[PDB]
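What follows is a set of notes on a single structure, which appears directly below.
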Amino acid sequence: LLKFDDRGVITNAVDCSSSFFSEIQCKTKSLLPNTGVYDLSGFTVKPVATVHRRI
Amino acid sequence: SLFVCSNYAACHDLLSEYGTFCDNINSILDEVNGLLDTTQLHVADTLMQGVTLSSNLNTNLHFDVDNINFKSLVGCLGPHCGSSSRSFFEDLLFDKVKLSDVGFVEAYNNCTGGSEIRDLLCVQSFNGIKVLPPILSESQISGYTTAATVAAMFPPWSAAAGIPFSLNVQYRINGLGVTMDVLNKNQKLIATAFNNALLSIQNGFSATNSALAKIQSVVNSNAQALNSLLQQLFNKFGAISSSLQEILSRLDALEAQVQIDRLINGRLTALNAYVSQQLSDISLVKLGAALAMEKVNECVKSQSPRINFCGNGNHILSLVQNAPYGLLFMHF
Amino acid sequence: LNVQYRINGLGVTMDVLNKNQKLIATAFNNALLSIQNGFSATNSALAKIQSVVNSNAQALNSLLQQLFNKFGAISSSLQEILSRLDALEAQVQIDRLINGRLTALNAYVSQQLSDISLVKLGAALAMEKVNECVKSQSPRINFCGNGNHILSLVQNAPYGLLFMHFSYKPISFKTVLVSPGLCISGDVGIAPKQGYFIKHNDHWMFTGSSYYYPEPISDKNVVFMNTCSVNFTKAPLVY
Amino acid sequence: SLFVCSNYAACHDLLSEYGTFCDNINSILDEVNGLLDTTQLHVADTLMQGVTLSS
Amino acid sequence: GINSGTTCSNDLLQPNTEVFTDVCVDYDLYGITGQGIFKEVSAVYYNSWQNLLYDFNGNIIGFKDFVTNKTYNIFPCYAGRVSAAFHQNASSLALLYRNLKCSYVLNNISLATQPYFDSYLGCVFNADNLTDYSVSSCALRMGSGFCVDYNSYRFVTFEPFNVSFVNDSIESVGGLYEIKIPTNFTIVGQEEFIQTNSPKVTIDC
Ligand SMILES: *[C@@H]1O[C@H](CO)[C@@H](O[C@@H]2O[C@H](CO)[C@@H](O[C@@H]3O[C@H](CO)[C@@H](O)[C@H](O)[C@@H]3O)[C@H](O)[C@H]2NC(C)=O)[C@H](O)[C@H]1NC(C)=O
Ligand SMILES: *[C@@H]1O[C@H](CO)[C@@H](O[C@@H]2O[C@H](CO)[C@@H](O[C@@H]3O[C@H](CO)[C@@H](O)[C@H](O)[C@@H]3O)[C@H](O)[C@H]2NC(C)=O)[C@H](O)[C@H]1NC(C)=O
Ligand SMILES: *[C@@H]1O[C@H](CO)[C@@H](O[C@@H]2O[C@H](CO)[C@@H](O[C@@H]3O[C@H](CO)[C@@H](O)[C@H](O)[C@@H]3O)[C@H](O)[C@H]2NC(C)=O)[C@H](O)[C@H]1NC(C)=O
Ligand SMILES: *[C@@H]1O[C@H](CO)[C@@H](O[C@@H]2O[C@H](CO)[C@@H](O)[C@H](O)[C@H]2NC(C)=O)[C@H](O)[C@H]1NC(C)=O
Ligand SMILES: *[C@@H]1O[C@H](CO)[C@@H](O[C@@H]2O[C@H](CO)[C@@H](O)[C@H](O)[C@H]2NC(C)=O)[C@H](O)[C@H]1NC(C)=O
Ligand SMILES: *[C@@H]1O[C@H](CO)[C@@H](O[C@@H]2O[C@H](CO)[C@@H](O)[C@H](O)[C@H]2NC(C)=O)[C@H](O)[C@H]1NC(C)=O
Ligand SMILES: *[C@@H]1O[C@H](CO)[C@@H](O)[C@H](O)[C@H]1NC(C)=O
Ligand SMILES: *[C@@H]1O[C@H](CO)[C@@H](O)[C@H](O)[C@H]1NC(C)=O
Ligand SMILES: *[C@@H]1O[C@H](CO)[C@@H](O)[C@H](O)[C@H]1NC(C)=O
Ligand SMILES: *[C@@H]1O[C@H](CO)[C@@H](O)[C@H](O)[C@H]1NC(C)=O
Ligand SMILES: *[C@@H]1O[C@H](CO)[C@@H](O)[C@H](O)[C@H]1NC(C)=O
């Protein structure tokens, strides 16, 4: 997220992936989002092993 | 992020082109949910309009007045009404059907352990289709209904124009052209008749009934809509297959863009159609809530002079009890 | 006189309404001034007006933002795709963009019909509300305002109507013994039309349901009963 | 079976991919038809509410 | 017979890895790719020609080993969603995993870094509970009568409305009743805005 001032200079930026706060911050395109219940989708687990079966 | 594309980056990158569609979908779902929340809050507010309870009042101590039995209608016996306010009638209603908010929460909690696969809620929840619980639990609504009833029947009679229940019935019968001479002598008989009618409607849920049919109809309609929406993921939509894994593992990802685009377009079209019917049913339930608004405010706390509006015929009065996804009444 | 008569419907004593004329006028003026200057801070009416205006603007912005979607094509600007391709293979990209825009238009008109039906229902609600609470007072308990409703006024508002539901509200109470029914003769009972029956110095009096004002028992404030119930106060010492 | 494809097998075979669409269309049409029937029955019932004729 | 069968390539060397149970891992299944949770169970419906089982849609929910001859039931993995409760004045987030006990989350999903608390809807984070309290109106409504607020983050039951109480008798003592009759009043005028008209719009192709 790139915020610009009156002279086209970057003031603050959001990582969007550091934590849930970054995702909520760049979801509404605002540096400080308003008080609300924001949903963060895409939550899932990852595999920890690989099983291979053949003949 | 989970319906059209479950956990594939190749599918999530292409979703950026239709970001406005997903944003609009989330916005309309959030506003209809807020509308439902406002309607629920309005119902909870109208139940507590001008009601006044007594601290010394104990329904567990006194549970009978003027030879009228109402134990099956008043919940949380005693002044510790903070654990379970479900009355006997509400308990029977919630026992007939188990797909309430509590049942949904318990079903989702039971999905952690893989002890069952026949339940469709797990395959539905794993695909981004979840049923969130309402803002106010059914226990709070049940407590509100029993509080309104006990206040409308015991002093202070807030929802009875400051008149006792027996006198309220005796005066409501006079409005339908009756002689006051026979109402005084027929006191025990009218009380037994009222108790018999209450017991008849209480045990009348054994066989089929109109109320049970409507409750099962709305629950089954919601389940059918969810199943139809979930079944859309198994449509080829003119592609080689409906499984994203097979397409991603069979093609070289250079010509699979057209198949993925076709599947995405079909799923988005189905989503748009579903949210259209969603707005339609939201408007319908809002109108039903408005009907309940005037029905309660004009037939429970008082009796508006509207011929054949509350019940069907020579209406006397009505009561209110909690029901799953709605309200239930006793139109005597 | 309309206010003086509307207050009587909510069980009040007419003796205090005549003496409390200047006070009720000042109270009405104060309530009007309070609702008049109550728009300084946040309010429910202002929130609804700003909500409908912002919702309309948001819908228009979302519809306008749809023109900047690639829709699977090379770019969302027609000029670049027209000046970049030879117009022989650009038909598929133009067709895809056209299909996406038409789909968005169909969705927008669907929500348009939905909100049109919603505002139509709201207009109907305003129709009965005005016709039953402005030009007169229909006997519907808790329908116009919220509580002991008196009357209402109507003023123009942006994209709708606004009302001032003046409702009766007490500030202090008092506990007194009451009796809903009592027999006055040989099974010849009576009943208060609007209020209760109180005891004061071994003789009964009638009072209103909203103002503690004892009044002598008279036929103009009681309902005659040919026969009374057993569970009534036995007070045969009457006129 | 008659609107999108009138009497062509080449068109009917491809219709199987969007079978859920046709099923949902038939379901919603039957639902609105049943709703209309219930409204008509309700009107006919309220007309004969407490009516009493003489032979 | 794509992604199913016996005769196939050996370019990517990979030995016959042993099957694992109760883990959300990826599999091969002699060609049938995908990821899931394997569970051990004993079946009898399998026959000589029968060596795999599907569902009504076509998904796989179980199979029989080719050499081990051990029945295994395939269960779907967990791909839910986490909610949040962010306040304007606050600097933290009240993360909540709906309908998921945080014990399984701490041992197989995340790590205990913030003060957790097991609740009715699941397990909240960055907040402690104060269910004995009651808030008239909460800015955030988590659901089922439970809300959060910033002060820091708490967990208080939502009670939007409640009836007042009066310490008065309810029995007909002395043949009369005790009631609260008002003695003074005033006029209070509320307001309500009803939307009637909407801004007309026109769109042309
Ligand atoms: C960058 O863009 C934002 C958004 O357009 C600008 O915020 C805007 O600032 C103006 C003045 O600071 C606000 O105007 C207000 O008008 C009312 C009514 O006339 C007046 O009472 C206020 O005192 C104020 O002047 C305007 O509301 C505000 N926009 C929003 C959406 O709140 C901002 O100024 C821009 N910054 C630069 C450097 O251009
Ligand atoms: C897993 O299951 C398979 C399927 O039954 C087992 O293969 C079976 O092994 C037995 C033992 O050798 C075979 O029986 C043999 O039949 C021949 C006649 O063809 C007979 O001459 C031999 O004396 C012997 O009885 C059986 O045919 C064979 N079935 C198939 C379909 O190949 C396998 O042994 C099992 N493995 C484990 C570890 O349990
Ligand atoms: C939320 O925090 C409370 C700390 O107060 C945890 O303990 C729970 O406290 C409440 C009352 O504060 C208990 O409710 C009642 O407790 C009395 C005994 O004091 C009991 O006789 C009643 O039947 C009723 O249960 C509650 O039981 C108690 N919880 C436990 C497990 O004992 C509470 O655990 C925290 N919430 C959660 C979900 O853990
Ligand atoms: C008059 O009031 C008395 C109470 O003083 C009533 O007597 C009780 O009524 C309850 C109501 O169900 C019964 O459960 C009790 O068994 C009654 N007790 C006795 C000693 O009778 C009486 O029923 C009332 N009568 C009328 C006509 O309202
Ligand atoms: C989750 O579902 C299982 C399976 O139905 C439930 O286990 C049952 O528990 C009851 C009482 O605890 C027993 O009478 C049944 O025999 C159990 N079923 C089986 C198949 O053994 C379990 O209670 C459910 N849990 C929740 C929280 O809903
Ligand atoms: C959140 O922070 C704002 C900003 O400080 C608080 O608003 C202040 O509230 C006090 C209390 O009345 C006022 O005296 C200040 O003038 C307010 N300042 C501003 C800028 O509005 C607000 O109260 C805080 N809310 C919570 C829940 O902590
Ligand atoms: C070629 O195939 C044989 C038999 O499948 C195998 O032993 C050998 O390792 C393979 N070589 C390579 C380079 O894959
Ligand atoms: C992960 O879950 C499995 C079963 O669900 C369990 O056996 C294992 O102990 C868990 N992991 C840890 C580290 O506890
Ligand atoms: C009603 O609830 C609020 C908080 O929700 C509380 O502050 C108030 O004391 C309650 N009223 C009672 C218990 O009479
Ligand atoms: C009721 O409670 C209030 C405040 O606790 C007290 O002032 C009053 O005396 C009480 N009345 C009775 C009858 O107990
Ligand atoms: C009612 O209260 C107001 C202010 O609270 C006071 O000025 C007025 O005198 C009171 N009325 C009576 C009859 O005491």
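For B:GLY162, what residues show an amide H to amide H distance below 5 Å, using hydrogens built from the backbone and excluding near sequence neighbours?
Amide H neighbours of B:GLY162: B:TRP157.
Please return the longest range in chain A lying between exposed loop sites, taking trypsin sites (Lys or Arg not before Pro), DSSP loop only, at most 13 other beta-carbon atoms within 10 Å, and leaving the sites out.
Between exposed loop sites, the widest span is A:30-55.
What is the average number of partner chain Cβ atoms found within 10 Å of a Cβ in B:146-159?
Mean shielding count: 2.
Could you grab the relative contact order for chain B? Cα pairs under 8 Å, six or more apart, rounded to a whole percent.
Answer for chain B is 22 percent.
Rounded to the nearest 10 degrees, what's the angle between the helix B:165-175 long axis and the longest principal axis of chain B, both from Cα atoms, 0 to 90?
Helix B:165-175 and the main axis of chain B meet at about 90 degrees.
Which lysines, on any chain, are close to C:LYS22 with Cα under 22 Å apart, when same-chain ones fewer than 8 places away are left out?
C:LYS169
Compute the separation of the alpha-carbon centres of the range B:40-88 and the range B:140-204 and state it in Å as a whole number.
15 Å
Evaluate the charge dipole of the range E:1-85 about its Cα centre and quote only its size in Debye, nearest 20, assuming +1 on the Cβ of each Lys and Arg and -1 on the Cβ of each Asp and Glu.
I would put it at about 220 debye.
Summing +1 for each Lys or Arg and -1 for each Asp or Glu, what net charge is found among the other residues whose Cβ lies under 14 Å from the Cβ of B:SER302?
Around B:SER302, the surrounding residues sum to +3.
Grab the DSSP H runs of chain D that are 4 residues or longer, score each as -39,500 (n - 2.57), total them, divide by all residues and round the 222 nm result to the nearest 500 deg cm²/dmol.
Per the formula, -21500 deg cm²/dmol.
Give me C:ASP219, B:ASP91 sorted ascending by neighbouring Cβ count inside 10 Å, so fewest comes first.
C:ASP219, B:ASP91
Give the order of B:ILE68, C:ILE7, B:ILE163 when sorted by the count of other beta carbons within 10 angstrom, beginning with the fewest.
Fewest-to-most ranking of B:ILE68, C:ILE7, B:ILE163: B:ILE68, B:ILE163, C:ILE7.
Within straight cross-link reach of C:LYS193, meaning Cα distance under 16 Å, which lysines are found once same-chain residues fewer than 8 apart are removed?
Partners found: C:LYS220.
For the range E:14-50, state which chymotrypsin sites (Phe, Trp or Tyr not before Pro) are in a DSSP loop and have at most 13 other beta carbons lying within 10 Å of their beta carbon. Intermediate values should be presented prior to the final figure.
Numbers: sites: E:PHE20, E:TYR27, E:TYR30, E:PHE38, E:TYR45, E:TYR46, E:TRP49; in loops: E:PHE20, E:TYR45, E:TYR46, E:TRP49.
Taking the range E:14-50 and a limit of 13 other Cβ atoms within 10 Å, the loop chymotrypsin sites (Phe, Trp or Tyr not before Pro) found are E:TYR45, E:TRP49.
Of the residues B:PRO164, B:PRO155, B:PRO79, which exhibits the maximal mean-square fluctuation in a Gaussian network model of chain B defined by a 10 Å Cα contact cut-off?
Among B:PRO164, B:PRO155, B:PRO79, the largest mean-square fluctuation in the Gaussian network model of chain B belongs to B:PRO79.
Of chain C, which part is the longest with no trypsin sites (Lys or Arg not before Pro) in a loop (DSSP not H, G, I, E, B) and with at most 15 other C-beta atoms within 10 angstrom?
C:1-134
Once every DSSP H run of n ≥ 4 in chain E is given -39500 (n - 2.57) and the sum is divided by its residues, what mean residue ellipticity at 222 nm do you get, rounded to the nearest 500 deg cm²/dmol?
My calculation for chain E gives -1000 deg cm²/dmol from helical runs alone.
Output ³J(HN,Hα) for the range E:119-133: one whole-Hz value per residue in order, computed from phi by the Karplus curve 6.51 cos²θ - 1.76 cosθ + 1.60 with θ = phi - 60°, and x for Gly and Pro.
Rounded to whole hertz, the list is 10, 6, 7, x, 9, 7, 9, 6, 7, 9, 9, 9, 4, 6, 8.
Can you pick out the pairs among C:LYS199/C:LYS234; B:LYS185/C:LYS199; B:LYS214/C:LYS129 whose Cα atoms lie more than 24 Å from each other?
With Cα atoms farther than 24 Å apart: B:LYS185/C:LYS199; B:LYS214/C:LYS129.
Name the residues whose placed amide hydrogens come within less than 5 Å of the amide hydrogen of E:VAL166, ignoring near sequence neighbours (fewer than 5 apart) on the same chain.
B:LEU53, B:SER54, B:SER55
Going by how many other Cβ atoms sit within 10 Å of their own, how do B:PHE165, E:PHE165 line up, fewest first?
Values: B:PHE165 18, E:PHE165 13.
Placing the least packed residue first, the sequence is E:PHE165, B:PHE165.
Quick one: Cα centre-to-centre distance for the range E:36-92 and chain A, in angstrom?
One Cα centre to the other: 29 Å.
Summing +1 for each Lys or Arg and -1 for each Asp or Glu, what net charge is found among the other residues whose Cβ lies under 13 Å from the Cβ of B:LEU57?
That works out to -3.
Amide H of B:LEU317: which non-local residues (sequence gap of 5 or more, or other chain) have their own amide H closer than 5 Å, using H built in the peptide plane?
Under 5 Å from the amide H of B:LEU317 lie the amide H atoms of B:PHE332, each far enough along the sequence or on another chain.
Per residue of the range C:45-52, in order, report the coupling 6.51 cos²θ - 1.76 cosθ + 1.60 (Karplus, θ = phi - 60°) as ³J(HN,Hα) in whole Hz, putting x for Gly and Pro.
Running phi through 6.51 cos²θ - 1.76 cosθ + 1.60 with θ = phi - 60° gives 5, 5, 5, 5, 5, 5, 5, 5 Hz.
Please give every one of the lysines within straight-line cross-link reach of E:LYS101, meaning a C-alpha to C-alpha distance under 20 Å, and leave out same-chain neighbours fewer than 8 residues apart.
Of all the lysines, those that pass the test against E:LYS101 - Cα under 20 Å, at least 8 places apart if same chain - are A:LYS46, B:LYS130.
Using the Karplus curve 6.51 cos²θ - 1.76 cosθ + 1.60 with θ = phi - 60°, what ³J(HN,Hα) values do you get for each residue of the range D:46-54, in whole Hz, with x for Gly and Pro?
Once rounded to whole Hz, the list reads 6, 6, 9, 7, x, 5, 9, 9, 10.
Once the convex hull of the C-alpha atoms of the protein assembly as shown is built, how many Å³ does it hold per residue, rounded to a whole number?
260 Å³
Cβ atoms come from the backbone with ideal geometry, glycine included; neighbour counts cover every protein chain shown. No lab work stands behind these numbers, since they all come straight from the coordinates.
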